[PDB]
Amino acid sequence: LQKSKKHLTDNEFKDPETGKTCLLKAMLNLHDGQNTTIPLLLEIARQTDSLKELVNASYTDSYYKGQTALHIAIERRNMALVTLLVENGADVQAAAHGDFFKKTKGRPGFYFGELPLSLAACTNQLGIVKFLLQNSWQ
Amino acid sequence: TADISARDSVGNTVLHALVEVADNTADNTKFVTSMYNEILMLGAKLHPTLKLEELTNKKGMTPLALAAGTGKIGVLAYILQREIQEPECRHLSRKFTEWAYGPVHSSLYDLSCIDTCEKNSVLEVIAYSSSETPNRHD
C-alpha cells in the first residue's frame, strides 16, 4: 500500500455497509490482550498519513453506529491498549447510538451511556476511568 | 480394548446406564453429570465421528430421553446446560454463547431433541410422562 496512495484504497477495502476497517476488526478477533497487528496497523498509519481517519473510523450501519475502536478497547479489558488509541488521536467523545445501544427488548442491546467514559464506568473498569480523565492532550 | 458403545441385552450403553443409576441426590448428581463429560471427551478423543448421545436402547430411548422419562432432573440439567469449553470436545457443548459484550451475553441453547425429534422428545417425555416419574413437575 505504501507504493500506492492509500487514500480511497483502504477506504474501499473496509467491509461494505458496516465500516469495518482493519483496526476495528483487529480488536474483535484479538486474544488474551493482544493481536500483534494493532500496533502494526498504527505503525502503517503514522508513516502513511491519514491516521486520524483510521482510529476514529466507526461503523456505518444504524445498528453498530459510532462504536469506535476505543469502545472495544475499554470493554475487552486491555487497559494498556486504550493508552495507545488516545495517544494516537482516537476520539473519546464518540457517540454510539446505533440500536444495540438503545432500549429495546427486541435485539436486547446493552445501554452503557453513549460515551466511552461511561462504558468503563458500567464495566468495572475504575483504573481506566481514572485514566480517561488524566490522559494526554485530548 | 473396551468398546465405548456398551450395547447390552437391554440395549443401554454406558450413558444409558449412567442415567439408570442416578438418584437425583446431590452426591450422585454431582458425580454422574461430571462423568458424562469425560466419557464424552473420551468418545470424542478416542472414537470420533460417533456422537454418543444419539444412541438408543432396546426400548428406543436416548440417555437424554431416558433422563427425561426416568425423572432425572439434575442429569437432565447437565445434558441441556452442557457447556464444554475446549476444542475437539466443543461440538458436544449444548449451551453455546453467541456473543458477550460486557455482562450481557446471549446463551445459545440447542433444541436438538427437546422438540421435534423422530422419537421421545424431552418435552413429550416429560409432558407425556406416566404419573410417578419423580420430579416430573420440576
# chains A, B, ... in the order shown; residues from 1 in each chain; ligands from 1
$ select_by_dssp --residues "stretch 73-104 of chain B" --states "alpha helix (DSSP H)" --output "list in words"
residues 73, 74, 75, 76, 77, 78, 79 and 80 of chain B
$ residues_around --residues "residue B:62" --least-positions-apart "4" --cutoff "12 Å" --atoms "only C-alpha atoms" --output "PyMOL selection string"
chain B and resi 11-20+51-58+66-70+76+79+112-114+117-122+125
$ write_last_selection --atoms "N, CA, C and O atoms" --output "compact mmCIF listing (two decimals), in the first residue's frame"
# COMPACT_ATOMS: atom_id res chain seq x y z
N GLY B 11 -29.92 -53.06 25.80
CA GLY B 11 -29.52 -52.05 24.84
C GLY B 11 -28.91 -50.81 25.44
O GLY B 11 -28.47 -49.93 24.68
N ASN B 12 -28.84 -50.71 26.76
CA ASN B 12 -28.35 -49.50 27.41
C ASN B 12 -26.84 -49.39 27.27
O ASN B 12 -26.10 -50.24 27.76
N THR B 13 -26.39 -48.33 26.60
CA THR B 13 -24.98 -48.00 26.53
C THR B 13 -24.53 -47.47 27.89
O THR B 13 -25.28 -47.47 28.88
N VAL B 14 -23.28 -47.00 27.97
CA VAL B 14 -22.75 -46.52 29.24
C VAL B 14 -23.49 -45.27 29.70
O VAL B 14 -23.78 -45.10 30.89
N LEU B 15 -23.81 -44.37 28.76
CA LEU B 15 -24.56 -43.18 29.14
C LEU B 15 -25.96 -43.54 29.62
O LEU B 15 -26.45 -42.96 30.59
N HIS B 16 -26.61 -44.49 28.94
CA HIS B 16 -27.88 -45.01 29.42
C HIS B 16 -27.75 -45.56 30.84
O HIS B 16 -28.57 -45.26 31.71
N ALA B 17 -26.72 -46.38 31.07
CA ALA B 17 -26.51 -46.97 32.38
C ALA B 17 -26.29 -45.90 33.44
O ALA B 17 -26.69 -46.06 34.60
N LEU B 18 -25.64 -44.81 33.06
CA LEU B 18 -25.39 -43.72 33.99
C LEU B 18 -26.65 -42.91 34.26
O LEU B 18 -26.73 -42.22 35.29
N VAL B 19 -27.63 -42.95 33.36
CA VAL B 19 -28.93 -42.36 33.66
C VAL B 19 -29.72 -43.28 34.57
O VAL B 19 -30.34 -42.85 35.55
N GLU B 20 -29.71 -44.58 34.27
CA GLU B 20 -30.49 -45.55 35.03
C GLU B 20 -30.00 -45.66 36.47
O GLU B 20 -30.77 -46.04 37.36
N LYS B 51 -20.98 -39.32 17.79
CA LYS B 51 -21.56 -38.65 18.95
C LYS B 51 -22.39 -39.66 19.74
O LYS B 51 -23.28 -40.31 19.19
N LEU B 52 -22.06 -39.81 21.02
CA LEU B 52 -22.53 -40.97 21.77
C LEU B 52 -23.95 -40.82 22.30
O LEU B 52 -24.57 -41.83 22.64
N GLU B 53 -24.49 -39.60 22.35
CA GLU B 53 -25.79 -39.38 22.97
C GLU B 53 -26.96 -39.68 22.05
O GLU B 53 -28.08 -39.82 22.54
N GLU B 54 -26.74 -39.78 20.73
CA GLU B 54 -27.82 -40.19 19.84
C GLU B 54 -28.16 -41.67 19.96
O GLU B 54 -29.19 -42.09 19.44
N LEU B 55 -27.32 -42.46 20.62
CA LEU B 55 -27.53 -43.89 20.67
C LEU B 55 -28.70 -44.23 21.58
O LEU B 55 -29.03 -43.48 22.51
N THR B 56 -29.33 -45.36 21.30
CA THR B 56 -30.56 -45.78 21.95
C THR B 56 -30.39 -47.19 22.51
O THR B 56 -29.33 -47.81 22.40
N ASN B 57 -31.45 -47.68 23.13
CA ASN B 57 -31.51 -48.99 23.76
C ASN B 57 -32.61 -49.83 23.11
O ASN B 57 -33.17 -49.45 22.08
N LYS B 58 -32.89 -50.99 23.71
CA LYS B 58 -33.90 -51.89 23.16
C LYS B 58 -35.27 -51.21 23.09
O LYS B 58 -36.00 -51.37 22.11
N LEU B 66 -34.02 -40.77 28.35
CA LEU B 66 -34.09 -41.68 29.48
C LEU B 66 -34.01 -40.92 30.80
O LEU B 66 -34.58 -41.37 31.80
N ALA B 67 -33.32 -39.78 30.81
CA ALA B 67 -33.33 -38.91 31.97
C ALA B 67 -34.61 -38.09 32.03
O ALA B 67 -35.09 -37.76 33.12
N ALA B 68 -35.17 -37.75 30.87
CA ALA B 68 -36.44 -37.04 30.83
C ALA B 68 -37.56 -37.91 31.38
O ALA B 68 -38.46 -37.42 32.06
N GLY B 69 -37.51 -39.21 31.08
CA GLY B 69 -38.60 -40.11 31.40
C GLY B 69 -38.47 -40.74 32.77
O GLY B 69 -39.47 -40.90 33.48
N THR B 70 -37.25 -41.11 33.14
CA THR B 70 -37.00 -41.73 34.43
C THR B 70 -36.91 -40.72 35.58
O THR B 70 -36.59 -41.11 36.70
N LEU B 76 -30.59 -34.29 33.65
CA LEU B 76 -31.14 -33.58 32.51
C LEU B 76 -30.66 -32.14 32.47
O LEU B 76 -30.40 -31.59 31.39
N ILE B 79 -27.20 -32.27 30.75
CA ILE B 79 -27.18 -32.60 29.33
C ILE B 79 -27.75 -31.46 28.51
O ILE B 79 -27.43 -31.32 27.32
N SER B 112 -32.08 -29.76 20.18
CA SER B 112 -31.84 -30.95 19.37
C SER B 112 -33.03 -31.89 19.43
O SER B 112 -33.71 -32.10 18.42
N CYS B 113 -33.32 -32.43 20.62
CA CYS B 113 -34.46 -33.32 20.84
C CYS B 113 -35.26 -32.88 22.06
O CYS B 113 -35.87 -33.70 22.75
N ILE B 114 -35.28 -31.57 22.34
CA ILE B 114 -36.29 -31.04 23.24
C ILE B 114 -37.64 -31.01 22.55
O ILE B 114 -38.68 -31.25 23.17
N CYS B 117 -37.81 -34.37 17.51
CA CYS B 117 -37.02 -35.49 17.02
C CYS B 117 -37.95 -36.65 16.67
O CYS B 117 -39.12 -36.68 17.06
N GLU B 118 -37.42 -37.61 15.91
CA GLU B 118 -38.25 -38.69 15.39
C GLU B 118 -38.80 -39.60 16.48
O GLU B 118 -39.68 -40.41 16.19
N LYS B 119 -38.32 -39.48 17.72
CA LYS B 119 -38.93 -40.19 18.83
C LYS B 119 -38.45 -39.59 20.14
O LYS B 119 -37.30 -39.16 20.26
N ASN B 120 -39.36 -39.57 21.12
CA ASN B 120 -39.02 -39.34 22.53
C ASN B 120 -38.30 -38.01 22.74
O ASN B 120 -37.13 -37.96 23.14
N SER B 121 -39.01 -36.93 22.47
CA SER B 121 -38.51 -35.60 22.77
C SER B 121 -38.65 -35.31 24.26
O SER B 121 -39.53 -35.84 24.94
N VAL B 122 -37.77 -34.44 24.77
CA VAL B 122 -37.70 -34.20 26.21
C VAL B 122 -39.00 -33.60 26.71
O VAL B 122 -39.44 -33.89 27.83
N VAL B 125 -41.49 -36.49 26.56
CA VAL B 125 -41.16 -37.50 27.56
C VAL B 125 -41.38 -36.96 28.98
O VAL B 125 -41.54 -37.74 29.92
$ interface_residues --of "chain B" --to "chain A" --cutoff "10 Å" --atoms "only C-alpha atoms" --output "PDB file with N, CA and C atoms, in the first residue's frame"
ATOM      1  N   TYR B 101     -21.014  -8.970  25.326  1.00  0.00           N
ATOM      2  CA  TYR B 101     -20.476  -7.613  25.226  1.00  0.00           C
ATOM      3  C   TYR B 101     -19.761  -7.216  26.515  1.00  0.00           C
ATOM      4  N   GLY B 102     -20.523  -7.055  27.591  1.00  0.00           N
ATOM      5  CA  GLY B 102     -19.986  -6.758  28.896  1.00  0.00           C
ATOM      6  C   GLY B 102     -20.401  -7.839  29.874  1.00  0.00           C
ATOM      7  N   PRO B 103     -21.365  -7.547  30.758  1.00  0.00           N
ATOM      8  CA  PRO B 103     -22.017  -8.639  31.491  1.00  0.00           C
ATOM      9  C   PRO B 103     -23.058  -9.367  30.664  1.00  0.00           C
ATOM     10  N   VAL B 104     -23.657  -8.701  29.683  1.00  0.00           N
ATOM     11  CA  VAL B 104     -24.685  -9.314  28.852  1.00  0.00           C
ATOM     12  C   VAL B 104     -24.021 -10.347  27.954  1.00  0.00           C
ATOM     13  N   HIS B 105     -24.694 -11.475  27.757  1.00  0.00           N
ATOM     14  CA  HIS B 105     -24.246 -12.493  26.822  1.00  0.00           C
ATOM     15  C   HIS B 105     -25.440 -13.335  26.412  1.00  0.00           C
ATOM     16  N   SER B 106     -25.493 -13.680  25.132  1.00  0.00           N
ATOM     17  CA  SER B 106     -26.619 -14.408  24.557  1.00  0.00           C
ATOM     18  C   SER B 106     -26.271 -15.888  24.534  1.00  0.00           C
TER      19      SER B 106
END
$ residues_around --residues "stretch 101-103 of chain A" --least-positions-apart "6" --cutoff "10 Å" --atoms "only C-alpha atoms" --output "list in words"
residues 63, 64, 65, 67, 109, 110, 111, 112, 113 and 114 of chain A
$ residues_around --residues "residue A:16" --least-positions-apart "5" --cutoff "12 Å" --atoms "only C-alpha atoms" --output "ChimeraX atom specification"
/A:10-11,21,59-61
$ select_by_dssp --residues "chain B" --states "strand (DSSP E or B)" --output "ChimeraX atom specification"
/B:95-100,105-109
$ residues_around --residues "residue A:74" --least-positions-apart "6" --cutoff "10 Å" --atoms "only C-alpha atoms" --output "PyMOL selection string"
chain A and resi 80-83+116-117+119-121+123+125+128-129
$ atom_distance --atom1 "atom CA of residue A:18" --atom2 "atom CA of residue A:68"
12.1 Å
$ atom_distance --atom1 "atom CA of residue A:87" --atom2 "atom CA of residue A:131"
11.9 Å
$ atom_distance --atom1 "atom CA of residue A:91" --atom2 "atom CA of residue A:133"
13.4 Å
$ closest_residue --among "B:50, B:42, B:92, B:2" --to "residue B:78" --atoms "only C-alpha atoms"
B:92
$ residues_around --residues "stretch 30-47 of chain A" --least-positions-apart "3" --cutoff "10 Å" --atoms "only C-alpha atoms" --output "JSON, numbers by chain"
{"A": [1, 2, 6, 22, 23, 24, 25, 26, 27, 50, 51, 52, 53, 54, 55, 73, 76, 77, 78, 79, 80, 81, 84, 85, 88]}
$ closest_residue --among "A:132, A:3, A:9, A:100" --to "residue A:70" --atoms "only C-alpha atoms"
A:132
$ residues_around --residues "residue B:94" --least-positions-apart "3" --cutoff "8 Å" --atoms "only C-alpha atoms" --output "MDAnalysis selection string"
chainID B and resid 79:84 91 109:110
$ closest_residue --among "B:36, B:22, B:44, B:5" --to "residue B:90" --atoms "only C-alpha atoms"
B:44
